[PDB]
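Okay, so we've got the same protein chain twice, two forms, each given alone as structure tokens, structure 1 and structure 2.
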Structure 1
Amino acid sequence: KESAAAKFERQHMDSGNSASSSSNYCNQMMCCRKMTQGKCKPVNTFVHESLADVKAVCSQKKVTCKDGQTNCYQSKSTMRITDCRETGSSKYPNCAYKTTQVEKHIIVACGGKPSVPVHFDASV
């Protein structure tokens, strides 16, 4: 059961970095998207194109996955994406990520019916 003091810190404190800079994107998103629970997911990519555009990748260029599986696809064009990589400083439960925005091609694994993206494999 959360103490009132802890609750206040959770709901009202953010000195770990003011509401300033886009350098904080990853720290906030990785937390919002639940990838800092029990462990700091070391690396993650966020795509900003439409869901439709990313889904459309399942029907674009075929490429093998890094794990040998053969259900990977590469986007025909670059996409605006955001790279999140835990920083040396970061140490769970104090996850720190470096935000790096680039427009690259993405490789994803597709599955299910209809076949949609189910795994981000890499950006190229």
Structure 2
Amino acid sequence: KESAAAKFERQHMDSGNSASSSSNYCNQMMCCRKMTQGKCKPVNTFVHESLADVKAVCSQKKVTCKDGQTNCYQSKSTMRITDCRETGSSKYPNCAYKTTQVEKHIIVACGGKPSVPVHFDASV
């Protein structure tokens, strides 16, 4: 007769930090997308949304870039994205990144005609 408490563990506990699955995503993707050459780009974000949607962002809410010259845009709705941050022990040419899967709004700078993202500003 399984105890109600033990039942809770079997059904709801998994401290083995699930997300581990893609723990080396940043490590791999940060290498293939040639962003570890010479030095390790400290921070980087990946948007797993449809290229169309990201592009449609250019026609959303206009906002300032964390710079000082207006040209950035924030998404109406949030998008699945992956955050890659250089880890502590990381050392070129053996970069090491931490992978974090989140869902926030994105802010990009657009340009050209038609307008397309040309710069990734930040998220939230």
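Structure 1 provides the reference sequence; residues are numbered from 1 along it. Throughout, rigid core stands for the largest set of C-alpha atoms superposing within 1.5 Å between the two forms. Shifts are known only where both forms have a C-alpha.
Novice: Align both forms on the core first, then report whether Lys7 has a C-alpha shift of 2 Å or more between structures 1 and 2.
Specialist: Indeed, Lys7 is displaced by 2 Å or more.
Novice: Quick one: core overlaid, is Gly16 moving 2 Å or more at the Cα between structures 1 and 2?
Specialist: The answer is yes; the displacement is at least 2 Å.
Novice: Superpose on the rigid core and then read off how far the CA of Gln69 has moved between structures 1 and 2, in Å.
Specialist: Between its two positions, the C-alpha of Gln69 lies 2.0 Å apart after core fitting.
Novice: Superpose on the core, then tell me which runs of at least 3 consecutive residues have all their CA atoms shifted by 2 Å or more between structures 1 and 2.
Specialist: Shifted run of three or more residues, which all move 2 Å or more: only 1 to 21.
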